[PDB]
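As structure tokens, the structure follows; a few thoughts come after it.
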Ligand SMILES: *[C@H](O)[C@H](C[C@@H]1CCNC1=O)NC(=O)[C@H](CC1CC1)NC(=O)OCc1cccc(F)c1
Ligand SMILES: *[C@H](O)[C@H](C[C@@H]1CCNC1=O)NC(=O)[C@H](CC1CC1)NC(=O)OCc1cccc(F)c1
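Protein chains in written order, with the entry's author numbering: chain A, 1 to 306; chain A', 1 to 306. A prime marks a further copy of an entry chain.
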């Protein structure tokens, strides 16, 4: 037993990380088949960044201005194009380590692993959630752009995120691998508001179920509630409203634990209105919302990939 | 910026995971050069487990009783031997993916990544600490034994842990790769006490420094203290005593932040005596002790491996 914020194994994505340099700027690209994907702001200088005209900037540039290095062998660039906020550099050589892959735009509240990279090499891997406000709470320094977020379904890597920037509040923003930002952001160095964020109610419930599964039962109480009654208290506390779709997604966890979803809503309610009295749940003093129902079931039944 | 419990990239260890089966029991082995390492309790039946005579049990067994599968190709076993609580199965074939590696016995308070595996395939990766009481707080189900914990120094994988069992309190216990347990444990199904655990003071300090580095300063106060005065309050709160060796290890963080170590001890003190008033630090409502000074510096300056 036990419950941990576990990342996906990262080997298949490691084989895809390359270094991309344009002028003075270096960041990471993703090399799949004969294509390297990277944030288009690799073409900007530190002045250009304040308000780049990307089409004019890319115009200046030629294939030979893009230095793409895979380990200590780089690739010949034969083609370049701009798709939304990513560059696609067409290279000489198909990546012999390309995995089975998909490009996915994830929904708010879903989770993914991030392989933080610098200069084309892995620094580490961590798990995170797409916040309801299309930000993530990551660990990114200069050089980390082009690092990617992904899920794995057995042998298939679903790329869902590429890192582009940090917001004034220290959260992080990026695109999907078609270069469309999650959320209302643009790739320029201006002040940008993410919305009010909200807690992923269905994930908080899934985590309380993981707790019960792992023997942590103290917060279970004697009340029940109704959806409408529960959401009245959710909105006071910026929890995203709970729906029958969410109830159904919790169905398997509800039946495994023998605890009605609305009975667990009642327990969450008293936690939201009364705090934790200095208690912990699965080792946390906070209500944790970065685990989906599918993440809980995965962990608790030992799902593998290889 | 931002700060996350980040695991090491796990690709080099993935290439070393194999499935080892003896009788009805299946768990993971580590295949390096022409040797597979795995927990010796792979030879036990569920009766044998209550008090195994391992030498008598291993005696019965022959090389052909050990089924070792690497993906869908297994290996011919030509040799078997028992070293402390691990079996070494000598195989036909040197692992073509063996990385540069070392076997290390880690000190309490150090951290490592765990690649949780089932049936020889990766489920996920997470970071953890060797508790002062030589347990870890992991996520392990049946089948997970033989999963390994490791650090990476550029290209070198330092194996430090192999998982063997779960304790009555839900924590986890295991050996180094020479098969000697961390802590006072034996590999039999009896009730076993880990000691009183204690918080890794030097790591809590390193994490408060990571907080300051990342702009979280609210807990910084106006007091200082002395080592002896600080430890009086540590022991009340089961914190492991702070020494000048620890002060020196925090030296770099102290000088980067311009905050005396004893001034940060003073801040930790008031946190221990006054709680967090419902505040958070780097997103946690608890004092976090699973980051070493070296983990903090690594993260905040972007150290890579590949
Ligand atoms: C690329 O590697 C880098 C990743 C950043 C660096 C610090 N933490 C990160 O996540 N991205 C940028 O440097 C980005 C340039 C891209 C958008 C065109 N600029 C950025 O992140 O600036 C931060 C910021 C914060 C508040 C206000 C502001 F104007 C700019
Ligand atoms: C091997 O895969 C397994 C890993 C365990 C399974 C559940 N969570 C884990 O971490 N190890 C064992 O199953 C181990 C057999 C080894 C020691 C000879 N037995 C075990 O972990 O039993 C747990 C336990 C807890 C309290 C009291 C008790 F007697 C036994």
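In this text, a Cβ means the ideal position worked out from N, Cα and C, and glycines have one as well.
Q) Using the C-alpha atoms, what's the distance from residue 12/A back to residue 15/A'? A) 11 Å
Q.
Please report the straight-line C-alpha distance between residue 255/A' and residue 242/A', rounded to a whole angstrom.
A. 18 Å
Q.
Rounding to the nearest angstrom, what Cα-Cα distance links residue 264/A and residue 127/A in this structure?
A. 25 Å
Q: Could you name the residues of the stretch 120-142 of chain A' whose beta carbon sits closer than 7 Å to any beta carbon of chain A, in the order they occur along the chain?
A: 121, 122, 123, 124, 125, 126, 137, 138, 139, 140 and 141
(Q) By the 9 Å beta-carbon criterion, what residues does the stretch 275-304 of chain A' contribute toward chain A? (A) 275, 276, 278, 280, 283, 284, 285, 286, 298, 299, 300, 301, 302, 303 and 304
**Q.** Option nearest residue 203/A' by Cα separation, candidates 297/A', 169/A' and 168/A'
**A.** Looking at the Cα atoms, 297/A' is the closest of the given residues.
(Q) Tell me whether residue 131/A', by its Cβ, gets closer than 7 Å to a heavy atom of ligand 2. (A) no
Q | Interfacial residues, the stretch 154-183 of chain A to chain A', with Cβ spacing under 9 Å | A | 166, 170, 171 and 172
Q. In this structure, does DSSP put residue 299/A in helix, strand or coil?
A. helix
(Q) For residue 52/A', would you say it is in contact with chain A, using Cβ-to-Cβ distances shorter than 8 Å as the test? (A) no
(Q) Closer than 9 Å between beta carbons: that is the criterion. Which residues of the stretch 180-206 of chain A meet it against chain A'? (A) none
**Q.** C-alpha distance - residue 179/A' paired with residue 19/A, whole-angstrom precision
**A.** Computed Cα separation, rounded: 40 Å.
Q: Report yes or no: is there a C-beta of chain A within less than 8 Å of the C-beta of residue 4/A'?
A: Taking Cβ atoms only, chain A reaches closer than 8 Å to residue 4/A', which makes this a yes.
Q. Is any beta-carbon of chain A found at less than 8 Å from that of residue 116/A'?
A. yes
Q: Return the chain-ordered list of same chain residues with a C-beta closer than 7 Å to the C-beta of residue 23/A, the five sequence neighbours on each side being excluded.
A: 45
Q: Take residue 229/A as the anchor and find which of 80/A, 212/A and 267/A has the nearest alpha-carbon.
A: 267/A
Q.
Along the stretch 14-25 of chain A', where does the CB come closer than 7 Å to a CB of chain A? Name the residues.
A. Answer set for the stretch 14-25 of chain A': 14.
Q: For residue 112/A, go through chain A' and note every residue whose CB falls closer than 8 Å to its CB, in chain order.
A: Residues of chain A' passing the Cβ test: none, with the nearest at roughly 13 Å.
Q: Note down, one range per segment and in chain order, each alpha helix (DSSP H) of at least 4 residues found wholly within the stretch 160-233 of chain A.
A: Complete alpha helix (DSSP H) runs here, min 4: 201-213.
(Q) Taking a contact to mean a Cβ-Cβ separation below 8 Å, would you say residue 116/A touches residue 140/A in this structure? (A) yes
Q. When the cut-off is 8 Å and only beta carbons count, does residue 147/A' lie next to chain A?
A. no
Q. At a CB-CB cut-off below 7 Å, which residues of chain A' make contact with residue 11/A?
A. One finds 10, 11 and 14 in chain A' with Cβ atoms closer than 7 Å to the Cβ of residue 11/A, taken in chain order.
Q.
At the 8 Å Cβ level, is residue 256/A part of the contact set with chain A', yes or no?
A. no
Q) Which of the three DSSP states, helix, strand or coil, is assigned to residue 46/A'? A) DSSP places residue 46/A' outside both helix and strand once states are collapsed to three, so it counts as coil.
Q: Identify the contact partners of residue 273/A' in chain A, using a Cβ-Cβ distance below 7 Å as the criterion.
A: Neighbours of residue 273/A' in chain A, taken as residues whose beta carbon is under 7 Å from its own, are absent, since the nearest beta carbon is some 14 Å off.
Q: Quick one: measure Cβ to Cβ for residue 146/A' and residue 71/A', integer angstroms, because I've assumed they're closer than 8 Å.
A: Actually they are not in contact, since the Cβ atoms of residue 146/A' and residue 71/A' sit about 16 Å apart, beyond 8 Å.
Q | Boundaries of the beta strand (DSSP E) in which residue 13/A is found, first to last residue | A | Taken as a continuous stretch (DSSP letters only), residue 13/A belongs to no beta strand (DSSP E), being part of the alpha helix (DSSP H) at 11-14.
Q | Straight-line Cα distance separating residue 85/A from residue 249/A | A | Between residue 249/A and residue 85/A, the C-alpha separation is close to 34 Å.
Q | Rounded straight-line distance, which links the Cα of residue 259/A' to that of residue 165/A | A | Taking the straight line from one Cα to the other gives about 29 Å.
Q.
Whole angstroms are fine: how far does the CA of residue 79/A' sit from the CA of residue 217/A'?
A. 58 Å
Q) Any heavy atom of ligand 1 within a distance shorter than 7 Å of the CB on residue 47/A? A) Using a cutoff of 7 Å, the CB of residue 47/A does not count as near ligand 1, since none of the ligand's heavy atoms is closer than that.
Q: Check distances from the C-beta atoms of the stretch 208-225 of chain A' to those of chain A and list, in chain order, the residues that come in under 8 Å.
A: 214 and 215
**Q.** Residue nearest to residue 122/A' in terms of C-alpha spacing, selected from 27/A', 65/A', 102/A' and 151/A'
**A.** 27/A'
Q. Taking all protein chains shown into account, do 16 or more other C-beta atoms lie within 10 angstroms of the C-beta of residue 289/A, making it buried, or fewer, making it exposed?
A. buried
Q. Under a Cβ-count criterion, where at least 16 other Cβ atoms within 10 Å of its own Cβ denotes burial, should residue 60/A' be classed as buried or exposed?
A. exposed
Q. Using the beta-carbon count (16 or more within 10 Å), is residue 154/A' buried or exposed?
A. exposed
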